[PDB]
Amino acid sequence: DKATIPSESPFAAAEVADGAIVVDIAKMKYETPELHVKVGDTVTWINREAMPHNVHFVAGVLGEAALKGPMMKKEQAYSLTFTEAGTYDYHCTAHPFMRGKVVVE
């Protein structure tokens, strides 16, 4: 794949790793909608709202399969470790008007 998943389900905001690149989800938006990282970086999304949110990459973007991330409740987090350069678009499954991208370079 182009990313590995440290944890298939969400974990507490306080448990975010040292060195992770954090994207907040607040005000019904990915607060960094275009994030630039390097190969081997871990990106961690943190849901700051009552409404659940995820990140969803369609098939062919992070790998053969779609990556439909788990729904994060308020103050939960979810990480992806990017292992290959590219441009990776995502949305929220529940709220597809929420769009973001990670650029790995």
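We number the residues from 1 along the sequence you see.
Peer 1: Out of 54-62 and 24-32, which stretch has the higher average CA B-factor listed in the record?
Peer 2: Stretch with the higher mean C-alpha B-factor: 24-32.
Peer 1: Quick one: higher average CA temperature factor, 82-90 or 11-19?
Peer 2: Averaged over C-alpha atoms, the B-factors run higher in 11-19.
Peer 1: How does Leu67 rank on Cα B-factor within its chain, lowest, middle or highest third?
Peer 2: According to the entry, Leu67 has a C-alpha B-factor in the chain's highest third.
Peer 1: Just say lowest, middle or highest third for the CA B-factor of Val43 relative to the other modelled residues in its chain.
Peer 2: As the PDB entry reports it, the C-alpha B-factor of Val43 lands in the lowest third of its chain.
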